[PDB]
Amino acid sequence: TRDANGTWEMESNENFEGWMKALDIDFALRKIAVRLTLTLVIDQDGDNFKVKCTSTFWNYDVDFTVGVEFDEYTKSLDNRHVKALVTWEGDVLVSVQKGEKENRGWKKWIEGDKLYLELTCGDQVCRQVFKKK
Ligand SMILES: *C/C=C/c1ccc2c(c1)C(C)(C)c1cc(N(CC)CC)ccc1-2
């Protein structure tokens, strides 16, 4: 349950608006983003990950190495500098993004066919579920 490789199609997405609002995403943009279908493509090779999140109007790409802190500029999101770090906690993949926002990051649980993703910012959690295509 440590293998996140694949093309992942969205099944559910709860509190997406609250999480985007916690990041200060423009209100008008949030209402469009709530309509867009999101696809998550992950390439995982040892510690090296390439993550690509795509919609009609929006893309979010990030590459990282597990265990290696990296400077991140969330240019397509809230446009902030964070110090990001992705590590394993048992079978959970955990990202912490140190910076202005508290409790910022995500956690991924892979259970065979399904990927559970919890994105956090401040007091908000967005819960997403994907199924491998
Ligand atoms: C393990 C996957 C982590 C991860 C990081 C960043 C994002 C995501 C998943 C998505 C797919 C939830 C996502 C969507 C968005 N947009 C909404 C504002 C759409 C492209 C941004 C960042 C991430």
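Each ligand, and each atom within it, is numbered from 1 in the order the structure gives. Starting from 1, each residue takes its place in the sequence as its number. Heavy-atom basis, side chains included; hydrogens, waters and symmetry copies ignored.
Listed by number with element, the atoms of ligand 1 under 4.0 Å from a non-hydrogen atom of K108 are 1 (C), 2 (C), 3 (C). The distance from ligand 1 to the heavy atoms of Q128 drops below 4.0 Å at these ligand atoms: 12 (C).
Of all the heavy atoms in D71 and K83, the pair that sits closest is OD1-NZ, 2.8 Å.
A salt bridge links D78 with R104: the distance from a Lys NZ or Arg NE/NH1/NH2 to an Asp or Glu carboxylate oxygen falls below 4.0 Å. With respect to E11 and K114, a salt bridge is recorded, a charged nitrogen being found less than 4.0 Å from a carboxylate O.
Selection from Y60, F16, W58 by nearest heavy atom to atom 17 (C) of ligand 1 gives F16. Comparing heavy-atom distances from atom 11 (C) of ligand 1 across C126, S76, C53, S55 singles out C53 as nearest. Nearest-residue assignment for atom 5 (C) of ligand 1 (options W8, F130, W106; heavy-atom criterion): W106.
Remark: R2 CZ is packed, more than 12 non-hydrogen atoms of other residues, nucleotides or ligands lying under 6.0 Å away.
The single protein non-hydrogen atom nearest to atom 9 (C) of ligand 1 is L117 CD2, 3.3 Å, given as residue, atom name and distance. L77 CD1, 3.6 Å is the protein heavy atom nearest to atom 18 (C) of ligand 1.
Classified by interplanar angle (parallel below 30°, tilted 30° to 60°, perpendicular above 60°), the ring pair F49/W88 is tilted.
At a 4.0 Å heavy-atom cut-off, ligand 1 does not touch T54 at all. Within the 4.0 Å heavy-atom criterion, the part of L119 lying near ligand 1 is the side chain and not the backbone. For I42, no heavy-atom contact with ligand 1 is shorter than 4.0 Å. Of the heavy atoms in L38, only side-chain atoms (C-beta onward) come closer than 4.0 Å to ligand 1.
Put simply, the side chain of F64 reaches to within 4.5 Å of the side chain of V51, judged on heavy atoms. Counting only heavy atoms from C-beta outward, the side chains of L38 and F16 approach each other to under 4.5 Å.
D113 places no side-chain N or O within donor-acceptor distance of the main-chain N or O of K131, the cut-off being under 3.5 Å.
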